[PDB]
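**Student:** Take this structure, written in structure tokens, and hold onto it; I'll ask about it next.
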Amino acid sequence: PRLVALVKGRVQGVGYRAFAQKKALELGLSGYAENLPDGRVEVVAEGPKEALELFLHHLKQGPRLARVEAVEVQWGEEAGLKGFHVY
């Protein structure tokens, strides 16, 4: 399946995207983590539900300087993303 997450809090300037990329690739997930102009981060990942939930657990924590307020999520269908890209 596809996970679409909107990450809110103190999540830019804290190495969050590369953190998400590493956790995604360790789980064989594909997708992306993109910085938004308001300070939030859009994260999309595709793969098995169990792997996506573990990944989502990581997104809710972030690296040690991050302060994740909330991760709003929706579940959808895989489009065929491959590899994990930051932007």
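FYI, nothing fancy with the structure tokens labels: chains A, B, ... in order, residues from 1 per chain, ligands from 1 as they appear.
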Which residues, written as a list in words, have at least one atom at most 12 Å from residue 58 (chain A), with only C-alpha atoms counted and residues fewer than 2 positions away on the same chain left out?
**Tutor:** residues 7, 16, 17, 19, 20, 21, 22, 23, 24, 26, 27, 43, 51, 52, 53, 54, 55, 56, 60, 61, 62, 63, 64, 66, 68 and 71 of chain A
**Student:** Save out the residues we just selected, C-alpha atoms, as a short mmCIF file (atom, residue, chain, number, x, y, z; two decimals), in the first residue's frame.
**Tutor:**
data_model
loop_
_atom_site.label_atom_id
_atom_site.label_comp_id
_atom_site.auth_asym_id
_atom_site.auth_seq_id
_atom_site.Cartn_x
_atom_site.Cartn_y
_atom_site.Cartn_z
CA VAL A 7 4.61 15.75 9.44
CA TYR A 16 14.63 14.76 9.32
CA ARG A 17 14.51 13.93 5.61
CA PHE A 19 16.53 10.18 8.80
CA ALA A 20 13.32 9.16 7.01
CA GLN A 21 15.28 8.06 3.93
CA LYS A 22 17.51 5.78 5.96
CA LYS A 23 14.62 4.15 7.86
CA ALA A 24 12.68 3.70 4.59
CA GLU A 26 16.27 -0.28 5.70
CA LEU A 27 12.66 -1.52 5.26
CA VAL A 43 6.40 11.93 3.40
CA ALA A 51 6.86 -2.20 7.11
CA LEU A 52 4.91 1.05 6.59
CA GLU A 53 3.69 0.99 10.15
CA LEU A 54 7.21 0.51 11.53
CA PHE A 55 8.32 3.35 9.26
CA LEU A 56 5.45 5.50 10.52
CA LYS A 60 6.52 10.07 14.72
CA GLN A 61 9.86 10.30 16.56
CA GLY A 62 12.36 11.75 14.08
CA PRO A 63 16.06 12.28 14.78
CA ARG A 64 17.14 13.64 18.18
CA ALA A 66 13.40 17.01 15.92
CA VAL A 68 7.37 15.85 15.99
CA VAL A 71 1.81 12.97 11.68
#
**Student:** Region 76-78 of chain A: which residues within 10 Å, counting only C-alpha atoms, same-chain residues fewer than 2 positions away excluded, as a PyMOL selection string?
**Tutor:** chain A and resi 1-4+30-31+45-47+73-74+80-81
**Student:** Considering only C-alpha atoms, return as a VMD selection string whatever protein or nucleic-acid residues lie within 8 Å of region 33-36 of chain A, sequence-local ones (same chain, fewer than 3 positions apart) excluded.
**Tutor:** chain A and resid 12 17 20 to 21 39 to 44 84 to 87
**Student:** Using DSSP on the backbone coordinates, identify all residues within chain A classified as helix (DSSP H, G or I); present the result as a list in words.
**Tutor:**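 The residues of chain A classed as helix (DSSP H, G or I) are residues 16, 17, 18, 19, 20, 21, 22, 23, 24, 25, 26, 49, 50, 51, 52, 53, 54, 55, 56, 57, 58 and 59 of chain A.
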**Student:** As an exercise, work out the distance from CA of residue 5 (chain A) to CA of residue 59 (chain A) in Å and give it to one decimal place.
**Tutor:** 8.8 Å
**Student:** Would you give me, as number ranges by chain, the residues in region 5-73 of chain A that DSSP reads as strand (DSSP E)?
**Tutor:** A: 5-10, 30-35, 41-46, 67-73
**Student:** For the selection just defined, write its residues with N, CA and C atoms to a file, as a CSV table (one decimal), in the first residue's frame.
**Tutor:**
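Full text of again-v4.csv as output:
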chain,number,residue,atom,x,y,z
A,5,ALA,N,1.9,10.9,4.5
A,5,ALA,CA,2.0,11.5,5.8
A,5,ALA,C,2.3,13.0,5.8
A,6,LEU,N,1.7,13.8,6.6
A,6,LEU,CA,2.0,15.2,6.7
A,6,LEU,C,2.6,15.4,8.1
A,7,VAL,N,3.9,15.7,8.2
A,7,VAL,CA,4.6,15.7,9.4
A,7,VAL,C,4.7,17.2,9.9
A,8,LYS,N,4.3,17.4,11.1
A,8,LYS,CA,4.2,18.8,11.7
A,8,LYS,C,5.1,18.8,13.0
A,9,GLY,N,5.6,20.0,13.2
A,9,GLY,CA,6.4,20.3,14.4
A,9,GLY,C,7.7,21.0,14.1
A,10,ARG,N,8.7,20.7,14.9
A,10,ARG,CA,10.1,21.2,14.7
A,10,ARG,C,10.8,20.1,13.9
A,30,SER,N,9.8,2.4,-0.8
A,30,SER,CA,10.1,3.5,-1.8
A,30,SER,C,9.2,4.7,-1.5
A,31,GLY,N,9.7,5.9,-1.9
A,31,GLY,CA,8.8,7.0,-1.7
A,31,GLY,C,9.7,8.3,-1.7
A,32,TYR,N,9.3,9.2,-0.8
A,32,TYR,CA,10.0,10.5,-0.7
A,32,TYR,C,9.7,11.3,0.5
A,33,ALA,N,10.5,12.2,0.9
A,33,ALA,CA,10.3,13.2,2.0
A,33,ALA,C,10.6,14.5,1.5
A,34,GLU,N,9.7,15.4,1.4
A,34,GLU,CA,9.8,16.7,0.8
A,34,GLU,C,9.4,17.9,1.8
A,35,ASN,N,10.3,18.8,2.0
A,35,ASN,CA,10.1,20.0,2.8
A,35,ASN,C,9.0,20.9,2.2
A,41,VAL,N,6.6,18.7,6.6
A,41,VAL,CA,7.3,17.7,5.7
A,41,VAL,C,6.3,16.7,5.2
A,42,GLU,N,6.2,16.6,3.9
A,42,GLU,CA,5.4,15.6,3.2
A,42,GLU,C,6.2,14.3,3.0
A,43,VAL,N,5.7,13.2,3.6
A,43,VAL,CA,6.4,11.9,3.4
A,43,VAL,C,5.5,10.9,2.8
A,44,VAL,N,5.9,10.3,1.7
A,44,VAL,CA,5.1,9.3,1.0
A,44,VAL,C,6.0,8.0,1.0
A,45,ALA,N,5.4,6.8,1.3
A,45,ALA,CA,6.1,5.6,1.3
A,45,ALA,C,5.2,4.5,0.7
A,46,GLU,N,5.8,3.6,0.0
A,46,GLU,CA,5.0,2.4,-0.6
A,46,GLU,C,5.7,1.1,-0.2
A,67,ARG,N,11.3,17.6,16.9
A,67,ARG,CA,10.2,17.6,17.9
A,67,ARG,C,9.0,17.4,17.1
A,68,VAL,N,8.5,16.2,16.8
A,68,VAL,CA,7.4,15.9,16.0
A,68,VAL,C,6.1,16.1,16.8
A,69,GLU,N,5.3,17.0,16.3
A,69,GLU,CA,3.9,17.3,17.0
A,69,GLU,C,2.9,16.3,16.6
A,70,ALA,N,2.8,16.0,15.3
A,70,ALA,CA,1.8,15.1,14.8
A,70,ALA,C,2.1,14.7,13.4
A,71,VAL,N,1.6,13.5,13.0
A,71,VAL,CA,1.8,13.0,11.7
A,71,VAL,C,0.4,12.6,11.2
A,72,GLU,N,-0.2,13.4,10.3
A,72,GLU,CA,-1.5,13.1,9.8
A,72,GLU,C,-1.4,12.2,8.6
A,73,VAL,N,-2.0,11.1,8.6
A,73,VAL,CA,-1.8,10.1,7.6
A,73,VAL,C,-3.1,9.7,6.8
**Student:** For each of A:75, A:50, A:82, A:65, take the minimum atom-to-atom distance to residue 25 (chain A), counting only C-alpha atoms, then give the residue where this is smallest.
**Tutor:**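 The closest residue to residue 25 (chain A) is A:82.
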